[PDB]
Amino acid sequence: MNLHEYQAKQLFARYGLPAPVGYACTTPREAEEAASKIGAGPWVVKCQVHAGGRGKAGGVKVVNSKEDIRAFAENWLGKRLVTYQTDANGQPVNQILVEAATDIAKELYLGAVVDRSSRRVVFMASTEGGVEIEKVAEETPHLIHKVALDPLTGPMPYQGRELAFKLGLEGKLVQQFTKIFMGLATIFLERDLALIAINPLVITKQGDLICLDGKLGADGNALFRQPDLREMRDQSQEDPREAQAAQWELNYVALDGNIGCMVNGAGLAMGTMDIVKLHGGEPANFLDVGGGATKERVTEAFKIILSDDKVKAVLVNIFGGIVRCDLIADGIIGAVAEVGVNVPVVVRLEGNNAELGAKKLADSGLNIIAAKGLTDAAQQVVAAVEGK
């Protein structure tokens, strides 16, 4: 799960790392009162959403007056910021961060992720801060330096010194950088993070390193042992159906297309989506059920898939699981009557009672098909929308 910039900075504070003085504000009054507490202007005000590029979207500004702070706060609070990293629907701004402005001498980059390839936590630093780093990697990869945390020893100081020297840092900055490397490395391990991105890690006119921005990603799999990160989840930042599916033990990811896909198993779910697209279809979502395909679960899966009014067909593709291919058919039948599913539903069953169930479906009379194979159920739902 993602955290908000203010939350990352709070965390940074607890680990003694450096960040601008600021306050997350929930009202225009709170925001304007922040200025006074922060000190003399100017001030940076920042919409707190999970996506990046808030600045280019104009959700991050430097003001010189309390009157402007409030303006910005009234403008944004309760509205949705759309950046190049959010869908055109954008994300709700419920907190505005008001922090002291910073005198930037230079902008650096410092980040970490779990590198799948080396199977190590890898920290990367670059003199190329303030820029989409994936690009710095593309264009100029010699300007990106890395170190992998040894899982037997913990992060080591020489590793931060290695990066500091490669960035050409010297004197006190080398020790400051090493300090931040160790602290960020410690938060990563202790808080079971999946990601850290200080972009930009700033060298100030006054000569010190400071985290101007901060992006933290937590490993959701570890939330059981991270109570503090657990309470910081902000659902308003996520598609509500995802939280809905999850609560119901489904995995949902909305897409653009018009054909709803309900499969059991993520790999199948993706192959199914892919095969529908292969046959002129356009997958409206990714929904993976797995085993427990009960009536309610299958009905909840339906509700979720059908909440997207652009869905013009629903392709069910089961294959095994703990439930018998026919109890799955009765579950669909009921979901169709009950939910009053208003679209053609093509079902591809496989396993026990693949036909006692494919029968039950044709025997219902409900607009429920019963495909004869995969490349078939493909063409069939693709058909079932041709011009609608």
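The first residue of the shown sequence is 1; numbering continues from there.
- The stretch 283-291 shows the higher mean C-alpha B-factor when 73-81 is compared against 283-291 in the entry.
- 63-71 and 347-355 differ in mean CA B-factor, and the higher of the two is recorded for 347-355.
- You'll see in the entry that, of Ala57, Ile328, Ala31, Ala40, the Cα B factor peaks at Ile328.
- When the Cα B-factors of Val323, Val45, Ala35, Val49 are read from the PDB record, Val323 comes out highest.
- Per-chain ranking of the deposited C-alpha B factor places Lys310 in the highest third.
- Sort the modelled residues of the chain by CA B factor and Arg297 lands in the highest third.
- Looking at the C-alpha B-factors along this chain, the one for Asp150 belongs to the lowest third.
- Per-chain ranking of the deposited C-alpha B factor places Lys9 in the lowest third.
- In the PDB entry, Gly257 places in the highest third of its chain by CA B-factor.
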